[PDB]
Amino acid sequence: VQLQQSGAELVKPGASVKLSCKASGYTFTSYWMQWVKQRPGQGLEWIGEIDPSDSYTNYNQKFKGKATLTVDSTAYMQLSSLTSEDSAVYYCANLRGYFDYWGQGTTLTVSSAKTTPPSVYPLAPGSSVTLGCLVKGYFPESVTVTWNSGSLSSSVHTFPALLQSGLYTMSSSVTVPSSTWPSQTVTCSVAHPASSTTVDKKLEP
Amino acid sequence: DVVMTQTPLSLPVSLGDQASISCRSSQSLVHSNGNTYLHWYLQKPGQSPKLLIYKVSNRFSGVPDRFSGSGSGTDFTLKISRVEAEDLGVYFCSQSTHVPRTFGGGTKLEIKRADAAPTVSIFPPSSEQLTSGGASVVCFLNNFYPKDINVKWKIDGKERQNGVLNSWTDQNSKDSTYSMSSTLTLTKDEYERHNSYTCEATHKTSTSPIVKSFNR
Ligand SMILES: O=c1[nH]cnc2c1ncn2[C@H]1C[C@H](O)[C@@H](COP(=O)(O)O)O1
Ligand SMILES: [Zn+2]
(Lines give C-alpha, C1' and ligand atoms only; values in the text may rest on other atoms or scores of the structure.)
(Ligands and ions follow the chains in the order given, each with its own letter.)
Protein backbone atom coordinates (compact mmCIF):
# COMPACT_ATOMS: atom_id res chain seq x y z
CA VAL A 1 0.00 0.00 0.00
CA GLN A 2 1.16 3.56 -0.56
CA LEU A 3 -0.15 6.84 0.82
CA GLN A 4 1.15 9.84 -1.19
CA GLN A 5 1.45 13.08 0.82
CA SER A 6 2.28 16.67 -0.22
CA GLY A 7 5.72 17.22 1.32
CA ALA A 8 5.77 20.81 2.57
CA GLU A 9 3.51 23.84 2.98
CA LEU A 10 4.30 27.40 4.14
CA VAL A 11 1.31 29.39 5.39
CA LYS A 12 0.65 32.71 7.06
CA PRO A 13 -0.71 32.83 10.61
CA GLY A 14 -4.49 32.81 10.84
CA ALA A 15 -4.87 31.18 7.42
CA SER A 16 -6.33 27.70 6.74
CA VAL A 17 -4.59 24.80 5.00
CA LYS A 18 -5.83 21.62 3.35
CA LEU A 19 -3.47 18.62 3.28
CA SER A 20 -4.05 15.57 1.04
CA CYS A 21 -3.42 11.81 1.33
CA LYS A 22 -3.55 9.72 -1.85
CA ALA A 23 -4.30 6.06 -1.10
CA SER A 24 -3.21 3.25 -3.42
CA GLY A 25 -2.35 -0.44 -3.28
CA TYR A 26 -5.53 -1.39 -1.39
CA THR A 27 -9.30 -0.90 -1.13
CA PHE A 28 -9.55 2.70 0.07
CA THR A 29 -12.95 1.88 1.57
CA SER A 30 -11.59 -1.04 3.64
CA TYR A 31 -9.78 0.94 6.36
CA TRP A 32 -10.24 4.01 8.50
CA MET A 33 -7.84 6.80 7.62
CA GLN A 34 -5.91 8.41 10.53
CA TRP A 35 -3.91 11.59 11.06
CA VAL A 36 -1.00 12.11 13.46
CA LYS A 37 1.03 15.18 14.39
CA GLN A 38 4.73 15.31 15.18
CA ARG A 39 6.56 18.42 16.25
CA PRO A 40 10.32 18.31 15.41
CA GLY A 41 11.93 16.99 18.59
CA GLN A 42 8.85 15.70 20.40
CA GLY A 43 6.65 12.60 20.37
CA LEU A 44 3.43 11.92 18.46
CA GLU A 45 -0.12 13.24 18.86
CA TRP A 46 -3.21 11.54 17.45
CA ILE A 47 -5.75 13.76 15.71
CA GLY A 48 -8.59 11.82 14.17
CA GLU A 49 -10.02 9.18 11.86
CA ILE A 50 -12.59 8.92 9.08
CA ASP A 51 -14.38 6.02 7.44
CA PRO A 52 -14.17 5.94 3.60
CA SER A 53 -17.21 3.71 2.91
CA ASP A 54 -19.24 6.59 4.35
CA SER A 55 -17.73 9.57 6.21
CA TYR A 56 -18.13 8.85 9.89
CA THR A 57 -15.42 10.77 11.67
CA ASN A 58 -13.91 10.67 15.15
CA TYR A 59 -11.47 13.28 16.49
CA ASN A 60 -9.40 13.81 19.61
CA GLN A 61 -10.78 16.65 21.75
CA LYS A 62 -7.59 18.72 21.38
CA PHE A 63 -8.14 18.91 17.65
CA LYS A 64 -11.92 19.19 17.63
CA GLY A 65 -11.49 22.86 16.83
CA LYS A 66 -8.66 22.48 14.30
CA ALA A 67 -9.30 19.55 11.96
CA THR A 68 -12.04 18.76 9.47
CA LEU A 69 -11.69 15.33 7.86
CA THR A 70 -13.14 14.58 4.43
CA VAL A 71 -12.46 12.02 1.68
CA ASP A 72 -12.76 11.37 -2.06
CA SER A 73 -9.09 7.77 -3.35
CA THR A 74 -7.85 10.89 -1.59
CA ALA A 75 -8.34 11.57 2.11
CA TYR A 76 -8.13 15.24 3.12
CA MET A 77 -7.56 17.11 6.36
CA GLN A 78 -8.00 20.81 6.88
CA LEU A 79 -6.42 22.71 9.76
CA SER A 80 -7.61 26.22 10.58
CA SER A 81 -6.51 29.47 12.21
CA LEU A 82 -2.87 28.43 12.21
CA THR A 83 -0.22 29.54 14.68
CA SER A 84 3.49 28.75 15.16
CA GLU A 85 2.41 25.94 17.47
CA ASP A 86 1.02 24.25 14.37
CA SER A 87 4.42 24.11 12.75
CA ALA A 88 4.75 20.33 12.49
CA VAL A 89 4.77 17.24 10.29
CA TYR A 90 1.35 15.70 9.72
CA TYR A 91 0.94 12.06 8.72
CA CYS A 92 -2.08 10.29 7.30
CA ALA A 93 -1.90 6.58 8.15
CA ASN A 94 -3.82 3.35 8.27
CA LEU A 95 -3.34 2.18 11.82
CA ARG A 96 -5.06 -1.16 12.30
CA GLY A 97 -3.33 -4.21 13.64
CA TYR A 98 -0.99 -5.50 10.96
CA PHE A 99 -2.33 -3.11 8.37
CA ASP A 100 -0.02 -0.32 9.31
CA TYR A 101 0.85 2.13 6.61
CA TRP A 102 2.06 5.70 6.97
CA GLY A 103 2.51 8.49 4.49
CA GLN A 104 5.79 10.40 4.29
CA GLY A 105 4.13 13.32 6.05
CA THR A 106 3.79 16.97 5.12
CA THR A 107 6.11 19.45 6.84
CA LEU A 108 3.89 22.47 7.60
CA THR A 109 5.57 25.78 8.39
CA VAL A 110 3.34 28.56 9.70
CA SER A 111 5.24 31.78 9.20
CA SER A 112 5.03 35.21 7.70
CA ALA A 113 8.61 35.01 6.38
CA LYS A 114 9.08 35.03 2.64
CA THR A 115 10.34 32.07 0.61
CA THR A 116 13.99 32.71 -0.08
CA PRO A 117 16.13 30.51 -2.41
CA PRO A 118 19.58 29.40 -1.18
CA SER A 119 22.99 30.57 -2.29
CA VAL A 120 25.26 27.56 -2.84
CA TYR A 121 28.98 27.89 -2.33
CA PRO A 122 31.54 25.18 -3.14
CA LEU A 123 33.97 24.17 -0.39
CA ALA A 124 37.27 22.92 -1.79
CA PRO A 125 40.59 22.85 0.13
CA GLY A 126 46.23 12.41 2.49
CA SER A 127 44.49 9.47 0.83
CA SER A 128 41.02 10.99 0.81
CA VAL A 129 39.75 14.45 0.07
CA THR A 130 36.71 15.85 1.85
CA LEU A 131 34.79 18.36 -0.35
CA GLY A 132 31.57 20.20 0.50
CA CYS A 133 28.89 22.71 -0.41
CA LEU A 134 27.56 25.49 1.86
CA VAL A 135 23.88 26.15 1.32
CA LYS A 136 22.86 29.43 2.91
CA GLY A 137 20.07 31.97 3.22
CA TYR A 138 16.99 29.97 2.36
CA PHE A 139 13.46 29.63 3.61
CA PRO A 140 11.53 27.64 4.33
CA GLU A 141 13.36 24.51 5.51
CA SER A 142 13.52 21.48 3.19
CA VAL A 143 16.57 21.33 0.93
CA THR A 144 18.13 18.19 -0.54
CA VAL A 145 21.81 18.03 -1.43
CA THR A 146 23.01 15.11 -3.52
CA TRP A 147 26.45 14.32 -4.92
CA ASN A 148 26.76 13.38 -8.58
CA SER A 149 22.93 13.25 -8.79
CA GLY A 150 23.02 10.88 -5.86
CA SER A 151 25.31 8.22 -7.32
CA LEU A 152 27.98 9.27 -4.81
CA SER A 153 26.41 8.31 -1.49
CA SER A 154 28.87 6.29 0.58
CA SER A 155 30.84 8.99 2.40
CA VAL A 156 28.23 11.78 2.38
CA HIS A 157 27.48 13.76 5.54
CA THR A 158 24.46 16.03 5.71
CA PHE A 159 24.52 18.63 8.46
CA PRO A 160 21.14 19.88 9.76
CA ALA A 161 20.08 23.47 9.05
CA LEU A 162 20.35 26.32 11.49
CA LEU A 163 18.74 29.75 11.70
CA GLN A 164 21.21 32.52 11.01
CA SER A 165 19.35 35.84 10.94
CA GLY A 166 15.91 34.41 10.21
CA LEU A 167 17.32 32.35 7.34
CA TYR A 168 18.47 28.73 7.24
CA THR A 169 21.94 27.45 6.45
CA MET A 170 23.34 23.92 6.23
CA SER A 171 26.19 21.99 4.61
CA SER A 172 27.00 18.60 3.11
CA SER A 173 30.39 16.94 2.59
CA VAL A 174 31.61 14.05 0.49
CA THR A 175 34.93 12.26 0.76
CA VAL A 176 36.50 10.68 -2.33
CA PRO A 177 39.87 8.96 -3.00
CA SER A 178 42.59 11.66 -3.43
CA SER A 179 43.65 10.47 -6.90
CA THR A 180 40.14 10.93 -8.26
CA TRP A 181 39.88 14.69 -7.60
CA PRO A 182 40.48 16.89 -9.57
CA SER A 183 40.82 14.16 -12.23
CA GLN A 184 37.06 13.53 -12.00
CA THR A 185 34.66 16.24 -10.99
CA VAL A 186 32.20 15.90 -8.21
CA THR A 187 29.25 18.25 -8.25
CA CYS A 188 26.72 18.81 -5.52
CA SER A 189 23.08 19.37 -6.47
CA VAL A 190 20.85 21.49 -4.29
CA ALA A 191 17.06 21.29 -4.62
CA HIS A 192 14.76 23.71 -2.77
CA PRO A 193 11.18 22.72 -3.85
CA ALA A 194 9.48 25.57 -2.01
CA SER A 195 11.19 28.02 -4.37
CA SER A 196 11.43 25.76 -7.44
CA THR A 197 15.21 25.75 -7.25
CA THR A 198 17.71 23.20 -8.52
CA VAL A 199 21.27 24.53 -8.68
CA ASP A 200 24.35 22.42 -9.36
CA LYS A 201 27.83 23.47 -8.22
CA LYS A 202 30.95 21.86 -9.69
CA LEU A 203 33.81 21.45 -7.27
CA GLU A 204 37.07 22.78 -8.64
CA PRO A 205 40.33 23.57 -6.84
CA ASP B 1 -6.15 10.18 27.75
CA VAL B 2 -3.95 7.33 28.89
CA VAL B 3 -0.41 8.56 29.55
CA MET B 4 2.42 6.26 28.36
CA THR B 5 5.86 6.71 29.95
CA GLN B 6 8.97 5.11 28.41
CA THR B 7 12.17 4.10 30.18
CA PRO B 8 14.75 5.15 29.57
CA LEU B 9 14.95 8.27 27.40
CA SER B 10 18.40 7.37 25.98
CA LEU B 11 19.89 3.89 25.78
CA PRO B 12 23.65 3.41 25.00
CA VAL B 13 24.37 -0.12 23.85
CA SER B 14 27.18 -1.99 22.18
CA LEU B 15 26.69 -3.89 18.96
CA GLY B 16 25.73 -7.51 19.52
CA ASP B 17 24.37 -6.76 22.99
CA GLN B 18 20.77 -6.79 24.22
CA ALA B 19 18.45 -3.81 24.81
CA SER B 20 15.30 -3.60 26.94
CA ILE B 21 12.95 -0.64 26.54
CA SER B 22 10.07 -0.19 29.00
CA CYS B 23 6.64 1.40 28.71
CA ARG B 24 4.00 1.98 31.34
CA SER B 25 0.44 3.22 30.94
CA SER B 26 -1.45 5.21 33.57
CA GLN B 27 -4.19 2.58 33.30
CA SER B 28 -4.85 -0.97 32.13
CA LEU B 29 -4.64 -1.48 28.36
CA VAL B 30 -6.82 -4.61 28.45
CA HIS B 31 -9.86 -3.97 26.23
CA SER B 32 -13.19 -5.39 27.36
CA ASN B 33 -12.94 -7.60 24.25
CA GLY B 34 -9.90 -9.37 25.72
CA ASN B 35 -7.18 -7.91 23.53
CA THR B 36 -4.45 -5.55 24.80
CA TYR B 37 -3.67 -3.09 22.04
CA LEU B 38 -0.08 -2.06 22.90
CA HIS B 39 2.30 -1.52 19.94
CA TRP B 40 5.87 -0.61 19.17
CA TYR B 41 7.22 1.65 16.44
CA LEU B 42 10.72 2.50 15.27
CA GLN B 43 11.33 5.89 13.81
CA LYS B 44 14.55 6.31 11.90
CA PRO B 45 15.59 9.99 11.37
CA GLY B 46 13.80 11.60 8.45
CA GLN B 47 11.33 8.73 8.16
CA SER B 48 7.78 7.98 9.23
CA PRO B 49 7.45 5.57 12.19
CA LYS B 50 7.35 1.88 11.16
CA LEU B 51 5.57 -0.84 13.09
CA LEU B 52 7.59 -3.60 14.75
CA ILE B 53 5.16 -5.18 17.22
CA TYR B 54 1.35 -5.00 17.57
CA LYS B 55 -0.76 -6.36 20.42
CA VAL B 56 2.23 -6.80 22.70
CA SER B 57 4.15 -9.52 20.85
CA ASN B 58 3.10 -10.19 17.28
CA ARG B 59 5.53 -9.01 14.64
CA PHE B 60 4.60 -6.98 11.57
CA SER B 61 5.59 -8.37 8.13
CA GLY B 62 9.31 -8.85 7.72
CA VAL B 63 10.33 -7.87 11.24
CA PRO B 64 12.94 -10.39 12.53
CA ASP B 65 12.65 -12.21 15.81
CA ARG B 66 15.52 -10.33 17.48
CA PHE B 67 12.64 -8.02 18.38
CA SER B 68 10.13 -9.39 20.86
CA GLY B 69 7.48 -7.72 22.99
CA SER B 70 6.31 -8.70 26.44
CA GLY B 71 4.29 -7.34 29.34
CA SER B 72 0.71 -7.04 30.51
CA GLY B 73 -1.87 -4.70 32.00
CA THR B 74 0.24 -1.57 32.39
CA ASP B 75 3.84 -2.78 32.18
CA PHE B 76 5.44 -3.64 28.84
CA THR B 77 8.89 -4.43 27.46
CA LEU B 78 10.42 -4.30 23.97
CA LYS B 79 13.49 -6.49 23.69
CA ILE B 80 16.19 -6.37 21.05
CA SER B 81 18.26 -9.58 21.50
CA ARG B 82 21.39 -8.55 19.53
CA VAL B 83 21.73 -4.89 18.63
CA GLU B 84 22.93 -4.12 15.12
CA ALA B 85 24.14 -0.73 13.81
CA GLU B 86 20.95 -0.27 11.79
CA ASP B 87 18.79 -0.45 14.96
CA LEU B 88 19.49 3.11 15.98
CA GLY B 89 16.52 5.46 15.99
CA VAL B 90 13.71 6.22 18.39
CA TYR B 91 11.30 3.64 19.72
CA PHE B 92 7.75 4.63 20.59
CA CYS B 93 5.15 2.55 22.41
CA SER B 94 1.54 3.35 21.47
CA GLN B 95 -1.84 2.16 22.71
CA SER B 96 -5.21 1.97 21.00
CA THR B 97 -7.28 0.27 23.66
CA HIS B 98 -8.64 3.59 24.76
CA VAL B 99 -9.69 6.56 22.68
CA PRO B 100 -7.93 8.73 21.75
CA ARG B 101 -4.93 6.66 20.57
CA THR B 102 -1.83 7.75 22.52
CA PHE B 103 1.99 7.52 22.22
CA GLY B 104 4.98 7.37 24.49
CA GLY B 105 7.74 9.95 24.73
CA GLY B 106 10.21 7.86 22.79
CA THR B 107 13.55 6.24 23.63
CA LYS B 108 16.62 6.86 21.52
CA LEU B 109 18.87 3.86 20.99
CA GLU B 110 22.53 4.98 20.97
CA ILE B 111 25.26 2.58 19.79
CA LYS B 112 28.39 2.30 21.98
CA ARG B 113 31.53 1.82 19.89
CA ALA B 114 35.23 2.37 20.09
CA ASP B 115 36.65 5.84 20.35
CA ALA B 116 37.53 7.47 17.06
CA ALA B 117 39.33 10.77 16.67
CA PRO B 118 37.72 13.28 14.25
CA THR B 119 39.26 13.89 10.83
CA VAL B 120 39.33 17.71 10.46
CA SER B 121 39.15 19.68 7.18
CA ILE B 122 39.31 23.48 6.90
CA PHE B 123 38.02 25.46 3.95
CA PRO B 124 38.51 29.10 2.93
CA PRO B 125 35.59 31.23 1.62
CA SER B 126 34.95 30.56 -2.08
CA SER B 127 35.68 33.36 -4.57
CA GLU B 128 31.98 33.33 -5.46
CA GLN B 129 31.08 34.25 -1.89
CA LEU B 130 33.91 36.72 -1.51
CA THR B 131 32.55 38.30 -4.67
CA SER B 132 29.34 39.12 -2.81
CA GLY B 133 31.06 40.49 0.30
CA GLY B 134 30.47 37.50 2.57
CA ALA B 135 33.16 35.29 4.00
CA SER B 136 32.28 32.03 5.76
CA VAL B 137 35.24 29.86 6.67
CA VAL B 138 34.08 26.29 7.41
CA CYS B 139 35.44 23.32 9.37
CA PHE B 140 34.31 19.67 9.07
CA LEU B 141 35.07 17.40 12.01
CA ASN B 142 34.23 14.00 10.63
CA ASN B 143 33.69 10.51 11.95
CA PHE B 144 34.33 10.76 15.67
CA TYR B 145 33.17 9.07 18.86
CA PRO B 146 32.09 10.04 21.54
CA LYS B 147 29.87 12.90 20.43
CA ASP B 148 31.37 15.23 23.04
CA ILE B 149 33.80 17.52 21.26
CA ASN B 150 34.83 21.19 21.56
CA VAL B 151 35.75 23.54 18.71
CA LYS B 152 37.51 26.95 18.86
CA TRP B 153 38.19 29.38 16.00
CA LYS B 154 41.35 31.41 16.13
CA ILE B 155 42.22 34.34 13.88
CA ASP B 156 45.90 35.23 14.07
CA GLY B 157 46.02 33.60 17.47
CA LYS B 158 43.00 35.48 18.78
CA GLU B 159 40.07 33.25 19.75
CA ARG B 160 36.88 34.24 17.99
CA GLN B 161 33.72 33.49 19.96
CA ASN B 162 31.01 35.32 18.04
CA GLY B 163 29.84 34.51 14.55
CA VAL B 164 30.34 30.75 14.82
CA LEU B 165 27.61 28.23 13.98
CA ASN B 166 27.85 24.54 14.96
CA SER B 167 25.71 21.57 13.88
CA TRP B 168 26.19 17.85 14.65
CA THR B 169 24.75 15.00 12.59
CA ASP B 170 22.97 12.13 14.31
CA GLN B 171 24.90 8.90 14.95
CA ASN B 172 25.94 7.25 11.71
CA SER B 173 23.80 4.21 10.88
CA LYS B 174 26.82 2.61 9.29
CA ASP B 175 29.85 3.19 11.50
CA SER B 176 28.24 4.68 14.65
CA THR B 177 30.39 7.81 14.54
CA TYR B 178 29.32 11.48 14.69
CA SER B 179 30.14 14.51 12.57
CA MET B 180 29.97 18.25 13.01
CA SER B 181 30.45 21.38 10.88
CA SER B 182 31.58 24.61 12.51
CA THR B 183 31.19 27.76 10.42
CA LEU B 184 32.87 31.11 11.21
CA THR B 185 31.08 33.97 9.46
CA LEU B 186 32.86 37.26 8.70
CA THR B 187 32.51 39.99 6.08
CA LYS B 188 34.89 40.10 3.15
CA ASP B 189 36.64 43.06 4.83
CA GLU B 190 37.33 41.55 8.22
CA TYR B 191 38.46 38.33 6.58
CA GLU B 192 40.96 40.07 4.32
CA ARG B 193 42.55 41.88 7.29
CA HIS B 194 44.07 38.74 8.77
CA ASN B 195 46.30 35.87 7.82
CA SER B 196 45.74 32.53 9.52
CA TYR B 197 42.43 30.94 10.41
CA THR B 198 42.60 28.05 12.84
CA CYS B 199 40.07 25.37 13.68
CA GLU B 200 40.95 23.70 17.00
CA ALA B 201 39.10 20.74 18.43
CA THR B 202 39.49 19.11 21.82
CA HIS B 203 38.14 15.57 22.06
CA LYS B 204 38.75 12.63 24.43
CA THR B 205 41.11 10.99 21.92
CA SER B 206 44.07 13.43 22.15
CA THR B 207 45.06 15.55 25.22
CA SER B 208 46.70 17.98 22.77
CA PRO B 209 44.05 19.82 20.70
CA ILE B 210 43.58 18.74 17.10
CA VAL B 211 44.45 21.77 14.97
CA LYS B 212 43.76 22.50 11.33
CA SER B 213 44.86 25.84 9.88
CA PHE B 214 45.28 27.83 6.69
CA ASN B 215 47.07 31.08 6.00
CA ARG B 216 45.36 33.33 3.50
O1 LIG C 1 -6.73 -0.96 17.68
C2 LIG C 1 -7.87 -1.31 17.99
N3 LIG C 1 -8.45 -0.86 19.17
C4 LIG C 1 -9.65 -1.27 19.70
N5 LIG C 1 -10.33 -2.25 19.13
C6 LIG C 1 -9.90 -2.80 17.98
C7 LIG C 1 -8.78 -2.31 17.31
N8 LIG C 1 -8.54 -3.09 16.26
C9 LIG C 1 -9.47 -4.05 16.27
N10 LIG C 1 -10.30 -3.87 17.30
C11 LIG C 1 -11.61 -4.49 17.45
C12 LIG C 1 -12.54 -4.67 16.29
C13 LIG C 1 -13.02 -6.08 16.52
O14 LIG C 1 -14.42 -6.35 16.61
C15 LIG C 1 -12.17 -6.66 17.64
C16 LIG C 1 -11.24 -7.84 17.42
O17 LIG C 1 -10.44 -7.54 16.25
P18 LIG C 1 -8.84 -7.58 16.27
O19 LIG C 1 -8.44 -6.75 15.12
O20 LIG C 1 -8.59 -9.03 16.16
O21 LIG C 1 -8.45 -7.03 17.58
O22 LIG C 1 -11.71 -5.54 18.40
ZN1 LIG D 1 44.90 39.65 12.38
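With ideal geometry, Cβ positions are generated from the backbone for all residues, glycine too; neighbour counts draw on all protein chains shown. The values are calculated or read from the model by the stated rules, or taken from the named source; these are not laboratory values.
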### Query
Out of all the residues in region A:111-132, is one or more within 12 Å of chain B (Cβ to nearest Cβ) and under 30 Å from B:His39 (Cα atoms)?
no
### Message
Being of a type in the set (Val, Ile, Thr) and more than 13 Å from ligand 1 (Cβ to nearest atom) is the filter here; which residues of region B:16-30 pass it?
### Response
B:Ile21
### Query
Taking into account only those residues within region B:111-148 that are within 14 Å of another protein chain (Cβ to nearest Cβ) and β-branched (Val, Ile, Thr), which is farthest from ligand 2 (Cβ to nearest atom)?
B:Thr119
### Query
Does region B:169-181 contain at least one residue that is over 14 Å from the mean Cα position of the chain (by Cα) and surrounded by 21 or more Cβ atoms within 10 Å (Cβ to Cβ)?
yes
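Rundown of residues vs (1) within 28 Å of A:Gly48 (Cβ to Cβ); (2) in contact with a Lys or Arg (Cβ under 7 Å, 6 or more places away or on another chain), yes/no style:
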site	(1), (2)
B:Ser26	yes, no
B:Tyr41	yes, yes
B:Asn58	yes, no
B:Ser61	yes, no
B:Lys79	no, no
B:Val99	yes, no
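Each row is one residue, and each column tells you yes or no for (1) more than 13 Å from chain A (Cβ to nearest Cβ); (2) touching a strand residue (DSSP E or B) at 6+ places or on another chain (Cβ under 8 Å).
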position	(1), (2)
B:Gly34	yes, no
B:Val56	no, yes
B:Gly69	yes, yes
B:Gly73	yes, yes
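Of the residues in region A:45-67, how many are part of a loop (DSSP other than H, G, I, E, B) and under 14 Å from B:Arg101 (Cα atoms)? Let's see the steps before the verdict.
Applying the first criterion (part of a loop (DSSP other than H, G, I, E, B)) to region A:45-67 yields A:51-56, A:60, A:64-67.
Filter again for under 14 Å from B:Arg101 (Cα atoms), leaving A:60.
Total satisfying the criteria: 1.
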### Summary
Of all strands (runs of 3 or more DSSP E) fully inside region A:102-147, the set with 1 or more residues that are within 30 Å of A:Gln34 (Cβ to Cβ) is A:106-110, A:144-147
### Task
Residue by residue through region B:31-57, note down the ones that are within 10 Å of ligand 1 (Cβ to nearest atom), assigned to a loop (DSSP other than H, G, I, E, B) and under 17 Å from B:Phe67 (Cα atoms).
B:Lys55
### Number of positions in region B:161-187 that are more than 15 Å from ligand 2 (Cβ to nearest atom) and more than 13 Å from every other protein chain (Cβ to nearest Cβ)
2
### Task
Considering every residue within region A:41-63, establish whether at least one is closer than 28 Å to A:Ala191 by Cβ and exposed (fewer than 13 other Cβ atoms within 10 Å of the Cβ).
yes
### Task
Tell me, yes or no, whether region A:68-82 has at least one residue that is within 14 Å of chain B (Cβ to nearest Cβ) and either surrounded by fewer than 20 Cβ atoms within 10 Å (Cβ to Cβ) or in a loop (DSSP other than H, G, I, E, B) (or both).
no
### Task
Restrict the check to region B:67-83 and report whether at least one residue is more than 16 Å from ligand 1 (Cβ to nearest atom), surrounded by 21 or more Cβ atoms within 10 Å (Cβ to Cβ), β-branched (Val, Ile, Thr) and more than 30 Å from A:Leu131 (Cα to Cα).
yes
### Task
Considering each residue of region B:165-200, count those that are closer than 14 Å to B:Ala135 by Cβ and either charged (D, E, K, R) or within 16 Å of ligand 1 (Cβ to nearest atom) (or both), and give that number.
5
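Any residue at all in region B:134-145 that's assigned to a loop (DSSP other than H, G, I, E, B) and either assigned by CATH to the domain that holds B:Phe214 or more than 24 Å from A:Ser128 (Cα to Cα) (or both)? Step through it out loud before you land on a result.
Within region B:134-145, the subset assigned to a loop (DSSP other than H, G, I, E, B) is none.
There is no residue in region B:134-145 that is assigned to a loop (DSSP other than H, G, I, E, B) and either assigned by CATH to the domain that holds B:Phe214 or more than 24 Å from A:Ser128 (Cα to Cα) (or both).
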### Answer residue from region B:97-116, given it is part of a strand (DSSP E or B) and over 20 Å from the mean Cα position of the chain (by Cα) and is surrounded by the most Cβ atoms within 10 Å (Cβ to Cβ) among those
B:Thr102
#### Entry: The lone exception for B:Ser94 - which of (1) outside the structural domain of B:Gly34 (by CATH); (2) assigned to a strand (DSSP E or B) it fails
(1)
### Query
Restricting attention to region B:192-216, which residues are within 14 Å of another protein chain (Cβ to nearest Cβ) and either surrounded by 21 or more Cβ atoms within 10 Å (Cβ to Cβ) or polar (S, T, N, Q) (or both)?
B:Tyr197, B:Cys199, B:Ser213, B:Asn215
### Query
Taking the stated definitions as given, is A:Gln42 under 20 Å from the mean Cα position of the chain (by Cα), of a type outside the set (A, V, I, L, M, F, W, C) and part of a loop (DSSP other than H, G, I, E, B)?
yes
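Quickly run through region A:90-101 and pick out the residues that are within 16 Å of ligand 1 (Cβ to nearest atom) and part of a strand (DSSP E or B).
Filtering region A:90-101 down to residues within 16 Å of ligand 1 (Cβ to nearest atom) leaves A:93-101.
Residues satisfying the conditions are A:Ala93, A:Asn94, A:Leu95, A:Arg96, A:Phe99, A:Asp100, A:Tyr101.
So for region A:15-30 (the condition being within 13 Å of another protein chain (Cβ to nearest Cβ) and not in a helix (DSSP H, G or I)), does at least one residue qualify?
Filtering region A:15-30 down to residues within 13 Å of another protein chain (Cβ to nearest Cβ) leaves A:21.
Now restrict to residues that are not in a helix (DSSP H, G or I): A:21.
Checking region A:15-30: at least one residue is within 13 Å of another protein chain (Cβ to nearest Cβ) and not in a helix (DSSP H, G or I).
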### Task
Report the residue count in region A:157-196 for those that are away from chain B (no Cβ under 13 Å), under 22 Å from the mean Cα position of the chain (by Cα) and over 27 Å from A:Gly41 (Cβ atoms).
2
### Task
Please verify whether region A:78-87 includes one or more residues that are within 16 Å of ligand 1 (Cβ to nearest atom), in the same structural domain as A:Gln42 (by CATH) and over 19 Å from A:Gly7 (Cα atoms).
no
